[PDB]
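K.L.:
Sequence first, structure after; it's an experimental one.
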Amino acid sequence: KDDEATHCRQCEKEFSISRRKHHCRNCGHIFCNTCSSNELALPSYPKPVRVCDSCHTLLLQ
Ligand SMILES: [Zn+2]
Ligand SMILES: [Zn+2]
């Protein structure tokens with residue numbers, strides 16, 4: 001659960017009309033699409049949800 005971000009938490013590029021904001025369902029931070037291209041089954045959720053690369057790696061171990 002998080003709002004008001006300016007840059008992608010991961011690659012740090014700046015969000016704008018040309019760069020959509022997305023949420024990682026595992027850590028709640030805001031990421032650009034390129035840094036959150038994976039979906040995986042996450043306990044609190046019914047269908048696979050979007051996660052950032054870090055969380056993706058964390059949960060695949
Ligand atoms: Zn990014
Ligand atoms: Zn995350």
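P.N.:
Structure's in. What do you need? Numbering: from 1, shown residues only. Ligands and ions are numbered 1, 2, ... in the order given.
K.L.:
what residues are up against the residue nearest the centre of the chain?
P.N.:
By CA atoms, centre = their mean, the chain has its centre lying nearest to residue 24, at 2.9 Å. By CB atoms under 8 Å, 6 or more residues apart in numbering, the residues touching residue 24 are 9, 31, 36, 50, 51, 52, 55. To be clear about C-beta, it is placed using only N, CA and C from the backbone, and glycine gets the same treatment.
K.L.:
pretty sure the third one is in contact with residue 49, am I right?
P.N.:
No - counting by CB atoms under 8 Å, residue 36 does not reach residue 49; the two are 10.2 Å apart.
K.L.:
So if I had to pick from those two, which one is more boxed in?
P.N.:
The neighbour comparison of residue 36 against residue 49 (other CB atoms under 10 Å) goes to residue 36, with 25 against 16.
K.L.:
Could you measure from the more buried one over to residue 48?
P.N.:
Going from residue 36 to residue 48 by CB to CB, to the nearest Å gives 13 Å.
K.L.:
could you pull out the helices for the chain?
P.N.:
Along the chain, counting by DSSP state H, helices occupy 53-58.
K.L.:
Would you mind listing what in this structure touches ligand 2?
P.N.:
With CB under 5 Å from the ion as the criterion, the chain meets ligand 2 at residues 24, 26, 27, 52, 55.
K.L.:
quick one: the last one and residue 27 touch, right?
P.N.:
Yes - checked against CB under 8 Å, the pair residue 55 and residue 27 is within contact range at 5.3 Å.
K.L.:
Tell me which of those two has more neighbours.
P.N.:
For residue 55 versus residue 27, the count of surrounding residues by other CB under 10 Å is larger for residue 55: 21 against 14.
K.L.:
show me the contacts for the residue nearest to the more buried one when sequence neighbours are not counted.
P.N.:
Once flanking residues are discounted, residue 55 sits nearest to residue 26: 4.0 Å by CB to CB, 6 or more residues apart in numbering. If you count contacts by CB under 8 Å, 6+ apart, residue 26 has them with 42, 49, 51, 52, 55, 58, 59.
K.L.:
burial of residue 45, as a residue count?
P.N.:
12.
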